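Enquirer: make a model of this:
(5 chains)
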Amino acid sequence: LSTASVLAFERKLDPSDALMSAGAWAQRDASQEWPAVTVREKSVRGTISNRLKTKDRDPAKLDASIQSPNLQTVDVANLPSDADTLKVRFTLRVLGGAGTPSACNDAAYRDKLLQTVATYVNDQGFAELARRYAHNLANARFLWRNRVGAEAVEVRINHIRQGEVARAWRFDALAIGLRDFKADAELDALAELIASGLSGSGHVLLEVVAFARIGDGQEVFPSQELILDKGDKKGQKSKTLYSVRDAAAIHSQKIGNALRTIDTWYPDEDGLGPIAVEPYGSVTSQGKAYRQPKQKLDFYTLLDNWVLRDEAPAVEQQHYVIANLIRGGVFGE
Amino acid sequence: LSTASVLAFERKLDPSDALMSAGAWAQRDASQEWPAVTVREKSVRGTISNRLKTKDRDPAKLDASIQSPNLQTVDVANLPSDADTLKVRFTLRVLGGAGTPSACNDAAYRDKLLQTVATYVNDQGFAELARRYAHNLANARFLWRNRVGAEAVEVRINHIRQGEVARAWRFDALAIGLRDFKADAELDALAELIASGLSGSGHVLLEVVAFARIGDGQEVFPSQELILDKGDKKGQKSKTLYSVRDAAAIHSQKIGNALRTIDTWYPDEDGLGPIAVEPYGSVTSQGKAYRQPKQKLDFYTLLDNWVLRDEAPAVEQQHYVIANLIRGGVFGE
Amino acid sequence: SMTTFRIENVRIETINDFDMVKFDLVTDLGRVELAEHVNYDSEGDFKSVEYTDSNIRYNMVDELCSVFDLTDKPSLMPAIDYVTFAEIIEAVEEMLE
Amino acid sequence: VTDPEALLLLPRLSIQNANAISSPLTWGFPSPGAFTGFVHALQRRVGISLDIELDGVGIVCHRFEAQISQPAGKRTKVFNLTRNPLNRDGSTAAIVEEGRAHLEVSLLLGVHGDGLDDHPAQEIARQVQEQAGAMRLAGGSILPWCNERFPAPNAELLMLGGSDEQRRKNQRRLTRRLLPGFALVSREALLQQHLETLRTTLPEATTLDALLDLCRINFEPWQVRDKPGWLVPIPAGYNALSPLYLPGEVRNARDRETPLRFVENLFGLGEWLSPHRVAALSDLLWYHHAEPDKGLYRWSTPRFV
Amino acid sequence: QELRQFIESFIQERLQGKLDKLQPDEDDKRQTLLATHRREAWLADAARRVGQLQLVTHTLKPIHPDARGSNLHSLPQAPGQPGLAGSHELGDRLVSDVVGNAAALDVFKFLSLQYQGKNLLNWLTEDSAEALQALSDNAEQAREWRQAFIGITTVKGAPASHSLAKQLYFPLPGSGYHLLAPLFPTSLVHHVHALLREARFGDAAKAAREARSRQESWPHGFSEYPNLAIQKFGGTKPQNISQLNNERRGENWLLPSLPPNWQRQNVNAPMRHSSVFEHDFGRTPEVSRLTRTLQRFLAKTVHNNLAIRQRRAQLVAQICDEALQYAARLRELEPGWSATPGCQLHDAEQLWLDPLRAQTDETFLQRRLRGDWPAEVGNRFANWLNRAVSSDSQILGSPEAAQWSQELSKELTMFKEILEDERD
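Expert: Residues are numbered from 1 along each chain as shown, chains lettered A, B, ... in the order given. Take a look at the structure below.
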C-alpha cells in the first residue's frame, strides 16, 4: 500500500472574526451597546534604529540620515478614553467527523486511514484534545498581545444551540495559567461538550466573549493587513490594521492558531511551553523549527508509519497526528 | 445502421447563479430586504506545511525557509455579526423536449433515436429522474460546503406561473436525507411537476430559496474563480471568490452539477454515494473515473448498443443514458 | 485484449527550443513512433512526460489507432479513450529514469 | 429592409453566462449577429402561427457586469474559467479558455408582417415574451422574472397609423421605458472618414481599427485625443473564403440539407449613443444582408444617418 | 544565395547542440547525424519525414481542444464593403502558420530560415537550381527532396470540418440557409499581435515614453490600450499548435469590446448640502471628464471653423446629453421620495433628476410634476454650465463664442424637452 497523490482535510474547529469594543468594567454584564474600537490614523516620524553595515558607518551618512527623517503615516486603534476594557467577541463552530478526508484518490489508502482514525477514536476519546482546546479557550491565548499586561481577563463562553444560549461558563484567564494544562471541573464540562461535538454526535456552536482591563485609553492590538510599498516618494501607510465595517478586528486564522496551541510533546523540551500544532512543527516567533524530518517525530513520517506499514507510534504522538488532522490542510505530493 | 458524427443536446434543468444574503432566523418569512454577503479581503501569512522532496530536507534550509514565509491576500466572505442565516436564492427553469437533439447528421439515426426515446417515455415516464431531481432540490445539495455542519436547513420552492406563485413547498433538508431516494407525497408532487415539464409541454419555472443556521457571523463558502495560473506572476491574490453585482454568488454550473447527481447504478460500490451523471462517470474529488469502458456500463457503449444493435439494457441503465441525454453534451467523431 | 507494450529504443531529443521523447511502440500488428513532450524539473533533470495536454492526444491520433483495435469501438467514443494510453505513457516515463 | 409597422419590445432581458469573446480579436460584448440570430429564431418559433416576420432588433445594454480578473497587478486582464469533467483515466482535462459575462438588454423588435390587425397588441406581445423567455440568447441563458413586479408588461405600438406628434408621443413613451441604456449602431461613415483622412500612407483598415479605440498621445503643434461618443470594435459579419460546397460533400457537417462555407469574420466599427440622440426609433435596428455568390455576410445598421 | 548557408547552419546546429553529453554511446548516433547534416544529406533526411504539417493561413486548431478538421489556407476575399476590413486586407502575408505534427520543428526552421530576400521553404519552391546549384544537387534524390519540401503547402485531401468546430447558420433573405463555419484567422492574429506588441513595448513606444520623461518629447505618436484581455491557447504546452510557440507564446490578446458602462457604476443621492452642492446639476465622473475636456479645449480660437463647429458643439451638446442620460439612470435608484428636508434640489430635480414618487398621496397632485417642466432644472443646468464653463473674453464679438452660446442654449432646451415630462 502506498500514500495517495492528493489528500485534503476540511477545517474542523472553524472560528470567526472577532469584534473589539470598549466599555467600562462593571458594565461588562450589559456589554451589548458598547461602541466598536475604531481604527484611525496618526502620523509618526522615526529615527535611525537599524544596524549599519559598517560600510555606511560614516558621520556624513549619519548626519544625512538623521537630518532627513523617515516620515510615515501609521494607523493605530486606541480605546475610547472613558473606558477600561476590551470586549472581544468571536463565534466558533466545532464540526466533528474528523478523520474523513475531503478529496482523496485511493480506495485502499482511504479505508486504511478511516479505520485507523476510527481505531484511535474507539480506543480512547477526543478528550485529550478536548481538554486542551478547553484550556486554550479558557485562558486568553487568542488575545495575543492584548493579554500581556492586563489587570484581570474574564472569558464568558455561551453554548448557542437554538437562537438562545444553553449553558454559560465564566472563567478567569489569569488564574488558569499559560503553560500548564491543569484539570478542573467546569473545564471538563467544556471538554465534554467539545468532545461531544468533535465525534459527530451533535452540532456545537460556541461564542466567546473575552474582557480585559487594560486602561483608560490605552492601545489595543488588532490583526495587521499587509501592504506592499508602491513606486511613490517618501513611503506611505506602513501598518494597515484589519477592520470589519467600522470595527477593529482580529483575523479568523489568528484565533484559530491560538486555539490549536496544543503540542507539549515535541522533542525539544517541555520547558519551553506548548507550541502550535503543525506538520514540521514550527513557530515563526522563535525562528527555529521543532520536529525536524531527520528525526522520526515529524508528521508525515508518523502518519506513513501508522497507516502504511502499521508500526504505530506512542499515544502522545497519536494525539499529535490527530491534532494536525483536525486542523485540516493539504497533503500528498 | 450508420451513425451520426455530430451530436448535440440542450440543457434542461437549467439553474442560475445563487445570490446569498444573511439575515436572522424566524424573520425569514420577510426575507426580501436582507443585505447581501460581500466578498471582502484579508491577508494571511503562510508557513511551510508541504511534503518536502526525497532528499535535501536538512534543517538549515528548512528553518531558513521559515524565516522567509510566503504571503498571500485571501478574500473570504462572511455573514455579518447581526445575522445567523444564509438565504441562498437561485432560480431554475426546466425547458422540456428532452429527447430531441440540437444537431445531428443522419436523418435515419435521428428517427431511430427519437423512436427509442419515444418508446422509453411511452413505456415509463420521466418519473424516476424526476423524483431524483426533486430529491436533489429537496435536500440542499446545491449548498455544497454550507450544508456541512448547519443547525437546520430549510428549502422553499415556489412554482411561478405568470409573475406570481402557484404552489409553495416548505421542506426540511436534514430530515430528508442525502444518500437515500425514498418516497414522499409532496416531493412526488414536485416530481410530477418536473416530469410534466420535461414531457415537452413547455417552459416550467421554479425558484429555490434555502436557509442555513450557520452561526452568528460564521464563514460561508461561495464559488471560487479559477485563474489559469500559467506560471509565475498570476498574482499573490489567492482564492478570488465569485461575485455578481454586490453579492457573493454560487456558480450556475455548480448548482447544475449538484442537481444532476443521480447515478447510483455504477458498478463498484453503491455505498460510496450517488455520483454526478457523466459519460465515463467521474467524480473530480475521488480522482478515479467510474463507469469505465472495461465493462459495458459506459454511456457511449450503452447508447450505441441501445440505438443501433436494438438490444435494450436494463431499466436502470436506461435511466442513466437518458440522464446524460438530459444534462446535454456534444458527441461524435 | 491489448498488445504487449514493447516500447523500445526510448530516445530523447531537443528540437527547436523544446524537447521530446521518441520511441518505438512495436506490436503484433505494427510499429509506430510517438513524439511526446517532456516536462523537466526546475533543475534540468527528467521529471515527467507531459501526461495531459500532450502531442499524441492531438496530432498522432490516427497514427496511434492504425495499430490497435478499432473494430469493436462504438462511434460516439473518441479513439484516444478506447486506446489504452495511461500505462503506455507511464512506461515511457519510467524507462527514461 | 421593409419598413416596419410595429415596434415590439421586451424591456429587461437579464441574461446570465453570456459569451463575451465574440471574435478572435475583441472581448467585450456579445456580437450583434447573435442578436439577429435570436430575432430570427423568435421568428421561426412565433411567426409561423401568427403570419408575421421579425427582423429589426434594438440594443440598449443597461448594465454589463463581466467576469474578469487582472493578474498580479498588470494592466492586462485574464479570463476566469470553469472546470471540466475528468477523462477515462481521471487525471485532469484540457482546459480551453472561454470568456463569460452577465448582461441585461432590451430588444426593439420590428413586426413587418400583416398579422397585426388579426390579433390584439397585448396578445402578440405576451406570446412573443412567453416564447422569448425559454431561449438561449448568446451562448447563455435568460433569467426569468421574480416578485419585483414593475417591468413585467411588454409594450407594442402601431407605426402605420398616427400623426407626427403622436409618433413623437410613442417615442416619448419608449425612450423613457429605456432611460439608462446605451444604443449600438455600426458606422461606415466615420470609418471611411478615417480612411480618407489617414489615406496618405496606406488604406489598410486593420491599422485604423487598432488606431481608433485608443487613448492616443501626440506632441506640441497633456494632449489626449477626444471624441463625442464612445466607440467599439465589433464583428460586423462574415467574409467566407471557400467555394460553396454541395451538402453531401463536406464531412462531419451539422445537417446534410444545407450547404457550408468556410469563413474568416469581418470587422467594422460600432458606437454607443444614448437613445435620445437619434430621433426615429426605426433607426436602431440590425437588419442583415446576405448574398450567395459573393462570400460576404454582413450585419448592417441601415437607414440610420 | 543559398548554395552554402542553410547546410552550414544545419551542421553548426548539429555540432553545437549535438555534443553536450557525447560519449561513444551517444557518438554512435551523433557521428551519423553530424555527417548527414554537415553539408548535404541532412536536408534529405529531414524532407523524408517532413510531411506531417501543411502551411495553412486561416487556421482552425485553436478553435476547439482536439477537434481535427480542415485548416483551410487560402486568401480571405475581395473586400466588397464600404466600411469593413480584416483578414482580406492582409497583403504583407504572415501566412507562416505552418502547424501539423509537433515533431517537425526542424522542418519548420528549415522552411523559415532562408530569409535573404525571400523565404527558405518559400524560396526553393520552384526553379530548384537556385537551391541545388551552389551545393551540387543531384537529379533523382535531389528532385525527390525538392518535391517533398516545396509540396508542403498541399491540401490535406478532404473538405472535412469537425463536430465541435463552430458550424453555424446564417439566414438568407427570402430563401434557405448557408450554415457558415468560421475558422481562426491566425495570420491576422499574428499581424495585429505585431502591431499591438510594438504598441506595448519595443523600440518606438519605449523610447517615446522615455522622451516623455525629461519633458522634451519628439513628434511621435505612441499607443497603448486600456482593458486588454489575454486568451491563452494550448494550456501548459503551446507548441501542440505551431506558431503559437514562438510568435505569440500561445498568449493571444483581445483589444476593445467594452460597453459605455463597462466599468460598472453605482447610484447614490443624499439630501444635504454635500448632496445639494452638485445634486441639482448632475455632477458625476463622466460629467467631470466632459467638463475637463471642454475646459481644456474650449477657451481657444474659432479660426478653424470646419474642425470647430462640428467638434465643440458635438462636445458640449454631447456631454450635456450624456450627463442627462447618466443622471436619469442614476437618480432613479430608490423607489420612494417626496418633499422633505434638504430638498432644495427638488425645486429643480424633483421631476427631472429624480424618479417617480410614492403612490399614497391625494390624487389631485398630477399638476405639480406633470407641469413641472425643464425650465427651472434645465435652466439651472444651463446656468451652471455657463457659470462654470465660459467663452472667449478678449474675442467676445467673434463667432466661436456665438456658436458656443447657441450650443449651450440648444443643450438647455434639449435637456428641458427631455426632462420636462417627469410627471406626464
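
Enquirer: which residues of the stretch 1-150 of chain A fall in strands?
Expert: Using DSSP state E, counting those that start in this stretch, the strands of the stretch 1-150 of chain A run over A:7-9, A:14-15, A:19-21, A:41-45, A:71-75, A:87-94.

Enquirer: the first one - contacts with which helices or strands?
Expert: It stands for strand A:7-9. strand A:329-331 (3 or more CB pairs under 8 Å, 6 or more residues apart in numbering or on different chains; DSSP states H and E). For the C-beta atoms, the positions are set from N, CA and C on the backbone; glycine is no exception.

Enquirer: what's in contact with the strand it packs on?
Expert: A:6, A:7, A:8, A:9, A:279, A:300, B:49, B:50, B:51 (CB atoms under 8 Å, 6 or more residues apart in numbering or on different chains).

Enquirer: in it, what counts as buried?
Expert: A:329, A:331 (16 or more other CB atoms under 10 Å in any protein chain shown).

Enquirer: residues in chain E within reach of chain C, list them.
Expert: E:17, E:52, E:66, E:68, E:100-103, E:105-106, E:108-109, E:234-237, E:239-241, E:245-246 (CB under 8 Å from any CB of the partner chain).

Enquirer: try 7 Å
Expert: Within chain E, the positions near chain C by CB under 7 Å from any CB of the partner chain are E:17, E:66, E:100-103, E:105-106, E:108-109, E:234-237, E:239-240.

Enquirer: with chain D instead?
Expert: Near chain C, when you scan chain D using CB under 7 Å from any CB, you find D:88, D:89, D:91, D:92, D:94.

Enquirer: show the buried residues in those residues.
Expert: Among these, the ones that count as buried (16+ other CB under 10 Å) are D:88, D:89, D:92, D:94.

Enquirer: just give me the neighbour total for the closest residue to chain E within chain A.
Expert: Closest approach between chain A and chain E, counting by CB to the nearest CB: residue A:231, at 13.6 Å. Under the neighbour criterion other CB atoms under 10 Å in any protein chain shown, residue A:231 is assigned a count of 4.

Enquirer: swap in residue A:272?
Expert: 13.

Enquirer: how does chain A divide into domains?
Expert: Annotated domains of chain A cover A:1-10+A:98-125+A:262-333, A:11-97+A:126-261 [curated CATH domains].

Enquirer: distance to residue D:163 added to those, as TSV?
Expert: What follows is the domains of chain A, written out as TSV (distance: least, CB to CB, whole Å):
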stretch	distance to residue D:163
domain A:1-10+A:98-125+A:262-333	70
domain A:11-97+A:126-261	57
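
Enquirer: follow-up on the earlier one: how close does the residue of chain A closest to chain E sit to chain B?
Expert: 17 Å (CB to the nearest CB, to the nearest Å).

Enquirer: just the buried residues from the contacts of strand A:329-331, in PyMOL please.
Expert: Entered in PyMOL, the line below selects the buried ones among those, by 16+ other CB under 10 Å:
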select buried, (chain A and resi 7+9+279+300) or (chain B and resi 49+51)
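
Enquirer: just the closest of the contacts of strand A:329-331 to chain D, please.
Expert: Nearest to chain D, judged by CB to the nearest CB, of the contacts of strand A:329-331 is residue A:6 at 10.8 Å.

Enquirer: show me the contacts for residue 59.
Expert: No chain was given, so I picked chain A. Residues in contact with residue A:59 (CB atoms under 7 Å, 6 or more residues apart in numbering or on different chains): none are found.

Enquirer: wait, chain E
Expert: Counted by CB under 7 Å, 6+ apart, residue E:59 has contacts E:71, E:97, E:99, E:183, E:184, E:186.

Enquirer: 6 Å - rerun?
Expert: E:71, E:97, E:184, E:186 (CB atoms under 6 Å, 6 or more residues apart in numbering or on different chains).

Enquirer: so the last one is in contact with residue E:97, correct?
Expert: What that stands for is residue E:186. Yes - contact criterion CB atoms under 6 Å: residue E:186 and residue E:97 qualify, at 4.6 Å.

Enquirer: show me which of these two is the more surrounded one.
Expert: residue E:186 (33 against 24).

Enquirer: state the distance from that one to chain C.
Expert: Where chain C is concerned, residue E:186 sits at a distance of 16 Å (CB to the nearest CB).

Enquirer: next: residue D:101.
Expert: 27 Å.

Enquirer: hang on, that residue packs against residue D:18?
Expert: Yes - between residue D:101 and residue D:18 there is a contact at 4.9 Å, judged by CB under 6 Å.

Enquirer: go through chain A and flag its longest helix.
Expert: For chain A, the helix with the greatest residue count under DSSP state H is helix A:108-123.

Enquirer: can I get that one in PDB? Just the C-alpha atoms.
Expert: What follows is helix A:108-123 as a C-alpha-only set of coordinates in PDB (Å, rounded to 0.1, in the frame of the first residue of the first chain):
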ATOM      1  CA  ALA A 108      -7.400   1.400  -0.100                       C
ATOM      2  CA  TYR A 109      -5.500   4.200   1.500                       C
ATOM      3  CA  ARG A 110      -8.800   5.900   2.200                       C
ATOM      4  CA  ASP A 111     -10.300   2.900   4.000                       C
ATOM      5  CA  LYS A 112      -7.000   2.300   5.900                       C
ATOM      6  CA  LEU A 113      -6.900   5.900   7.100                       C
ATOM      7  CA  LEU A 114     -10.600   5.800   8.000                       C
ATOM      8  CA  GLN A 115     -10.200   2.600  10.100                       C
ATOM      9  CA  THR A 116      -7.000   3.900  11.700                       C
ATOM     10  CA  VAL A 117      -8.700   7.100  12.900                       C
ATOM     11  CA  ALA A 118     -11.700   5.100  14.000                       C
ATOM     12  CA  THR A 119      -9.400   2.700  15.800                       C
ATOM     13  CA  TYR A 120      -8.000   5.600  17.700                       C
ATOM     14  CA  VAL A 121     -11.500   7.100  18.500                       C
ATOM     15  CA  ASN A 122     -12.900   3.700  19.700                       C
ATOM     16  CA  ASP A 123      -9.700   3.100  21.700                       C
END
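
Enquirer: list the buried ones in it?
Expert: Under 16+ other CB under 10 Å, the buried positions of helix A:108-123 are A:109, A:110, A:112, A:113, A:116, A:117, A:120, A:121.

Enquirer: and chain E, which of these contact it?
Expert: Checking the buried residues of helix A:108-123 against chain E by CB under 6 Å from any CB of the partner chain, not one of them is in range.

Enquirer: just put those residues in CSV and tack on distance to chain B.
Expert: Shown next, in CSV, are the buried residues of helix A:108-123 (distance: CB to the nearest CB, whole Å):
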residue, distance to chain B
A:109, 11
A:110, 8
A:112, 15
A:113, 14
A:116, 19
A:117, 18
A:120, 21
A:121, 18
